[PDB]
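A quick write-up on the structure given underneath.
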Amino acid sequence: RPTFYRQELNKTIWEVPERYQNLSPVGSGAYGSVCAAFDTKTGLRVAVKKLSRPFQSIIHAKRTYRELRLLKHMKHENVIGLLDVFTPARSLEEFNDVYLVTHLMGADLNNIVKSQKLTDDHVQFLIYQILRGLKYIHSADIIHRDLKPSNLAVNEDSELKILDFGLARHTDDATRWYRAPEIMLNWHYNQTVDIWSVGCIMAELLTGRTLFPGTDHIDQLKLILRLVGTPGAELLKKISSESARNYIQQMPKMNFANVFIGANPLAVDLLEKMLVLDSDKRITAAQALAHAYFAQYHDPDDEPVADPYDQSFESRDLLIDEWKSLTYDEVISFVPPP
Ligand SMILES: Cc1cc(-c2nc3cccnn3c2-c2ccnc(NC(=O)c3cc[n+]([O-])c(C)c3)c2)ccc1F
């Protein structure tokens with residue numbers, strides 16, 4: 001077992017193995033607290049997260065287990081994963097704090113873009129990576145559901161990782177804009193809700209402007225439907241509720257070639273396939289990777305899928321100490337990546 005040391009940062013007490021040196025605050029919130037550190041074992045700059053009240057309640061405990069299970073399963077270049085998980089506890093009976101370690105990330109997609117058009121080649125590379133990560137996430141039967149530029153970390157090499165959180169804003173420094181209409185309308189949904197978000201992101205990277213900057217929930221839907229049209233006959237046949245059919249209903253789809261003026265025609269074609277109203281007809285991540293737009297990056301032998309992901313715990317109602325013990329097992333069984 002490593003030697004630990006204690007340090008106070010922004011009024012939060014940190015107890016970490018000596019390998020993590022030079023702790024500096026990154027941020028804190030409902031998520032707990034995050035510090036940056038230097039990992040002396042690897043020479044990497046890392047972020048360390050101390051979870052907030054991980055076993056305070058059944059729900060917190062289950063949330064902690066969920067978070068750790070997911071992070072341990074996600075092993076892909078374009079998805080956030082774990083370098084380390086630790087606890088100062090020497091036994092289950094002492095186990096009260098959980099610390100997670102990953103690569104320190106310093107910028108998100110908004111930070112790289114800065115309200116500017118990116119070049120088409122840069123868009124290809126970034127969207128390729130998002131789709132590559134999504135193919136992996138979706139293959140684990142996970143839907144991200146909240147994909148947006150703030151959840152996309154991008155380093156100086158434009159290497160991209162999909163996050164389920166936003167990076168901390170410097171102390172001296174809408175979500176709905178990327179949400180699929182079926183979620184906005186409360187309609188059954190599939191993994192292509194995330195593909196909608198990617199289409200929104202891609203549009204913005206190409207044009208330098210938010211595709212659907214709705215002022216509120218109703219406005220958001222109005223902006224979406226102006227582009228993608230009111231539901232056609234085939235989609236209306238799939239809406240089970242009378243009131244729902246009575247509600248959504250009046251203009252036809254716009255021709256995206258007349259919207260995304262000067263864009264690569266293959267980009268326009270891909271956007272048409274991602275921004276389809278009917279989610280049954282929306283392109284999947286795997287299909288999108290094979291689209292001609294990505295011909296310079298696509299490698300069908302290097303777009304891996306995840307191992308099957310057992311999420312049966314989601315259906316279980318257990319006690320705190322049970323979730324705590326399951327979590328502790330997961331801490332102990334952790335094997336760092338190479
Ligand atoms: C799985 C896992 C997740 C997180 C983690 N959780 C959160 C929650 C909210 C915000 N951030 N966050 C992070 C995290 C992870 C990496 N890097 C940053 N880095 C910055 O936020 C930043 C922002 C500006 N600057 O200038 C720098 C240098 C860093 C945060 C930490 C460890 C971990 F193992």
Side-chain angles (χ1 to χ4, degrees), residues 2 7 9-17 19-54 60 63-88 97-114 129 133 136-137 140 142 144-168 170-172 175 306 309 327 330-337:
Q7 191 174 333
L9 296 97
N10 289 340
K11 293 182 170 168
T12 299
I13 300 100
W14 291 73
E15 284 181 292
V16 306
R19 71 186 273 194
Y20 301 111
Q21 292 286 116
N22 309 294
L23 276 30
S24 60
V26 168
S28 71
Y31 56 86
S33 299
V34 179
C35 280
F38 178 72
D39 181 4
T40 61
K41 189 182 195 298
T42 62
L44 300 173
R45 297 219 65 203
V46 297
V48 188
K49 175 153 62 184
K50 184 187 183 186
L51 292 189
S52 174
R53 306 168 185 290
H60 273 225
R63 283 175 176 177
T64 299
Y65 181 71
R66 176 182 302 119
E67 172 169 4
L68 186 53
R69 285 287 308 284
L70 182 53
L71 277 165
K72 286 185 66 179
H73 198 75
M74 292 292 100
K75 291 183 273 198
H76 188 277
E77 300 145 43
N78 307 117
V79 184
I80 188 68
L82 276 177
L83 293 175
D84 196 14
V85 49
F86 65 83
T87 180
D97 286 309
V98 175
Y99 294 81
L100 303 176
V101 185
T102 195
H103 297 271
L104 184 63
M105 299 172 289
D108 65 30
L109 185 57
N110 286 312
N111 290 316
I112 275 65
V113 177
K114 314 171 170 294
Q129 292 176 86
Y136 181 88
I137 291 162
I142 295 161
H144 189 286
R145 297 184 81 281
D146 197 35
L147 204 68
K148 56 192 182 288
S150 65
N151 289 359
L152 300 174
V154 180
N155 72 15
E156 293 190 322
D157 292 328
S158 302
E159 295 166 352
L160 176 149
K161 294 198 192 297
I162 299 171
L163 317 179
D164 54 7
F165 54 91
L167 301 176
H170 282 205
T171 53
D172 63 5
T175 316
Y309 186 43
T327 299
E330 293 292 331
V331 170
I332 269 52
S333 65
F334 180 73
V335 178

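One is the number of the first residue; the rest follow in order along the sequence. Scope of the values below: all heavy atoms of this structure, side chains included, with no hydrogens, waters or symmetry mates. Note that ligands are numbered from 1 as they come in the structure, with each ligand's atoms numbered from 1 the same way.
Residue-ligand proximity, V101 to ligand 1, at heavy-atom distances under 4.0 Å covers atoms 34 (F). For ligand 1 and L71, the ligand atoms under 4.0 Å from any heavy atom of the residue are 1 (C). The distance from ligand 1 to the heavy atoms of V34 drops below 4.0 Å at these ligand atoms: 5 (C), 6 (N), 7 (C), 12 (N), 13 (C). Less than 4.0 angstrom separates some heavy atom of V26 from each of these atoms of ligand 1: 19 (N), 20 (C), 21 (O), 22 (C). In summary, the atoms of ligand 1 found under 4.0 Å from a heavy atom of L100, numbered by their order in the structure, are 32 (C), 33 (C), 34 (F). In summary, the atoms of ligand 1 found under 4.0 Å from a heavy atom of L167, numbered by their order in the structure, are 10 (C), 11 (N), 18 (C), 19 (N), 20 (C), 21 (O), 30 (C). Those atoms of ligand 1 with a heavy atom of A47 less than 4.0 angstrom away are 15 (C), 16 (C), 17 (N), 31 (C), 32 (C).
Using a distance-only test at 3.5 Å, with no hydrogens or angles considered, a donor-acceptor pair links the side chain of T40 to the main chain of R19. Judged purely by atom type and a 3.5 angstrom limit, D157 has no side-chain atom pairing as donor or acceptor with the backbone of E159. The backbone N or O of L167 lies less than 3.5 Å from no partner atom in the side chain of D108, so there is not a single donor-acceptor pair. In this structure, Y309 contributes its side chain and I137 its backbone to no donor-acceptor pair below 3.5 Å.
Side chains of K161 and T102: no donor on one and acceptor on the other come within 3.5 Å.
Heavy-atom contacts from other residues, nucleotides or ligands closer than 6.0 Å to CZ of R63 number 12 or fewer.
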Distance-only donor-acceptor pairs under 3.5 Å for side chains of residues 43-50, two or more places apart:
residue	atom	partner	partner atom	Å
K49	NZ	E67	OE2	3.4
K50	NZ	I13	O	2.7

Distance-only donor-acceptor hits, side chain of residues 77-84, under 3.5 Å, sequence neighbours excluded:
residue	atom	partner	partner atom	Å
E77	OE1	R132	NH1	2.9
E77	OE1	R132	NH2	3.3
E77	OE2	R132	NH2	3.2
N78	OD1	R132	NH1	2.9
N78	ND2	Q129	OE1	3.4
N78	ND2	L160	O	3.0
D84	OD2	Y20	OH	2.6

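To the nearest 0.5 Å, atoms CH2 (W14) and CG (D97) are separated by 10.0 Å.
The residue from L68, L83, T102, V48 that puts a heavy atom closest to atom 33 (C) of ligand 1 is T102. Between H170, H103, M105, it is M105 that holds the heavy atom closest to atom 20 (C) of ligand 1. Nearest residue to atom 11 (N) of ligand 1 from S24, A153, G166 is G166 (criterion: closest heavy atom).
Contact between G32 and ligand 1 is absent, with no heavy atom of the residue lying under 4.0 Å from the ligand. Under a 4.0 angstrom heavy-atom cut-off, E67 registers as lying outside contact with ligand 1.
Taking distance alone, with nitrogen or oxygen atoms compared against 3.5 Å, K49 approaches ligand 1 more closely than that limit.
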